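> I would like the atomic coordinates for the input below:
(chains A and B)
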Amino acid sequence: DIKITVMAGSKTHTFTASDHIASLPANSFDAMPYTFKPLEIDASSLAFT
Amino acid sequence: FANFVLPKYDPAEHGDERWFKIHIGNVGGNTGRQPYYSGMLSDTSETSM
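Numbers count the residues shown, from 1 in each chain, chains lettered A, B, ... in the order given. Next up is the structure itself:
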């Protein structure tokens, strides 16, 4: 239910916390800090105008 | 960096005094305890620091 979608030209990627999580926080009503893995995205379809 | 979330204050568990003392242990050449922090608990919600 938590995801980061990167778009760059025709390259669209969706990295979620199920497969790219670096630290999974607790499960409570208070503040939940979410940190993800270092995301390496290939962006070569960008239309450089 | 370490994030600590401490539960709500309890007269049964924590006791008569809500405030707490965080201590660090085996460091340098000292095996004993050294008070590293002092915190004020909350009786309404968990405390994160």
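
> now the phi/psi pair for residue B:22, please.
phi -90, psi 130 (degrees, to the nearest 10).

> check the one 3 residues further on too.
Main-chain torsions, residue B:25, degrees, to the nearest 10: phi -110, psi -110.

> who are the contact partners of it?
Neighbour list for residue B:25: B:31-34 [criterion: CB atoms under 8 Å, 6 or more residues apart in numbering or on different chains]. C-betas here are computed from N, CA, C, even on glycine.

> same question for residue B:49.
For residue B:49, the contact set (CB under 8 Å, 6+ apart) comprises B:3-4, B:6, B:39.

> restrict the residues you listed to contacts with chain A.
residue B:3 (CB under 8 Å from any CB of the partner chain).

> for residue B:39, which non-adjacent residue is spatially closest?
Excluding its sequence neighbours, the residue lying closest to residue B:39 (CB to CB, 6 or more residues apart in numbering or on different chains) is residue B:20, at 5.2 Å.

> how many other residues sit next to residue 39?
No chain was given, so I picked chain A. The tally of other residues near residue A:39 (other CB atoms under 10 Å in any protein chain shown) stands at 11.

> you looked at the wrong chain, it should be chain B
By other CB under 10 Å, 14 other residues sit near residue B:39.

> isn't it up against residue B:6?
Yes: using CB atoms under 8 Å, residue B:39 is in contact with residue B:6, at 7.4 Å.

> identify the contacts common to the two.
Contact criterion CB under 8 Å, 6+ apart; residues shared by residue B:39 and residue B:6: B:20, B:47, B:49.
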